[PDB]
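Coming up is one lone chain in structure tokens, specifically the form deposited in one PDB entry.
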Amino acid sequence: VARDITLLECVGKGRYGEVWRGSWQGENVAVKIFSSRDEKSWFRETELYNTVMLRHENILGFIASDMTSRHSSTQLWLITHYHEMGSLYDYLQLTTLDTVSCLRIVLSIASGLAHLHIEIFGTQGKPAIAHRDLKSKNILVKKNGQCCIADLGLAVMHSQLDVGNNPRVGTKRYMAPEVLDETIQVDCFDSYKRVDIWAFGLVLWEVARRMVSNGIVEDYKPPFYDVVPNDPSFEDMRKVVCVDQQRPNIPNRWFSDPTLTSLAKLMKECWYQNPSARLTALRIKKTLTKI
């Protein structure tokens, strides 16, 4: 139960709500406290965790979920494993990477996303799932160096089409061109997997910037830092991604490193204007395993 949790420190704050480091039987756990405005995101992630027994080493580990609702008060809690190392967004602010740690991180993300995307049949199976709000701030760094994906509140599902009634929409900075120009095929499940692949390519660019090659590294920057203001509007991102068709700049240093060059090619194959030309999660994972 949540009754035996002591909230210790607020480790994250946003429009979704807050994330706290909590204590439970003397062990650290994370508690996501949703704002009442995000009730549908809490329920989606709960049914994904407790009805679809969704478990994978690169998906945030679910412990429990609780809601209490009364006149003048509503609480919505998600209790998960705590990762002291924090969000990949925070982690990349402080850390530089080498060849092994860079590929451990990005391969672990690819592995979790493929696990979301690929359907499993039978008993103890799972539908195909699209995240729809992947970004560096919803990926956590585990002690072993791998990552795990969090925030499945916007997931859509499909078996041989489940879209929520969720009024919240993805982070604008990471929205795919088909989302921004509204040509996305809403009734086609593969559209949502390809919106995920787009966002993954941006996360791939974020990680690669922090890997050192030949004694050079870039500071952390978000996708499109140079052409969009902080907290960009829908219109800001359409002008950049669709009209101007701009994409993240690839610094010259990378082409001197074989690994960073391989990731540059992978990045671009996530960024096609045409969603159908983008790689699949499984192909990305199969490539990273060989690289």
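Numbering starts at 1 and follows the sequence shown. Superpose the two forms; the largest set of C-alphas matching within 1.5 Å is the rigid core.
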| field | Test item: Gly153 lacks coordinates in at least a third of other entries | value | no
| Do at least a third of the other entries of this protein fail to model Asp133? | no
| field | Length class of the unmodelled deposited segment, which would lie between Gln160 and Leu161 | value | 4 to 9
| said: Tell me which stretch has the larger mean Cα B-factor in this entry, 131-139 or 81-89. | reply: 81-89
| request: On mean C-alpha B-factor from the PDB entry, just flag whether 169-177 or 91-99 is the higher one. | output: 91-99
| task | Determine which member of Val212, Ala150, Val195, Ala114 has the highest CA B-factor, using the values in the deposited entry. | result | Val212
| task | Can you pull the Cα B-factors for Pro258, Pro222, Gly61, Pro248 from the entry and say which is highest? | result | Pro258
| query | Would the CA B-factor of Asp244 place it in the lowest, middle or highest third of its chain? | reply | highest
| Thinking about Cα B factors across the chain, which third does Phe121 belong to? | highest
| task | Would you please rank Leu204 by its C-alpha temperature factor against the other modelled residues of its chain and give the third it falls in: lowest, middle or highest? | result | middle
| said: Can you tell me whether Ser108 has a C-alpha B-factor in the lowest, middle or highest third compared with the other modelled residues of the same chain? | reply: lowest
| field | Chain thirds of CA B-factor: placement of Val227 | value | highest
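The same protein also exists as the form deposited in another entry; that form is not shown, yet it is the one meant from here on.
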| query | For the set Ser256, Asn50, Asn249, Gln245, which residue undergoes a C-alpha shift of 2 Å or more between this form and the one not shown, given alignment on the rigid core? | reply | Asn50
| Superposing on the rigid core, do we see a C-alpha displacement of 2 Å or more at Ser69 between this form and the one not shown? | yes
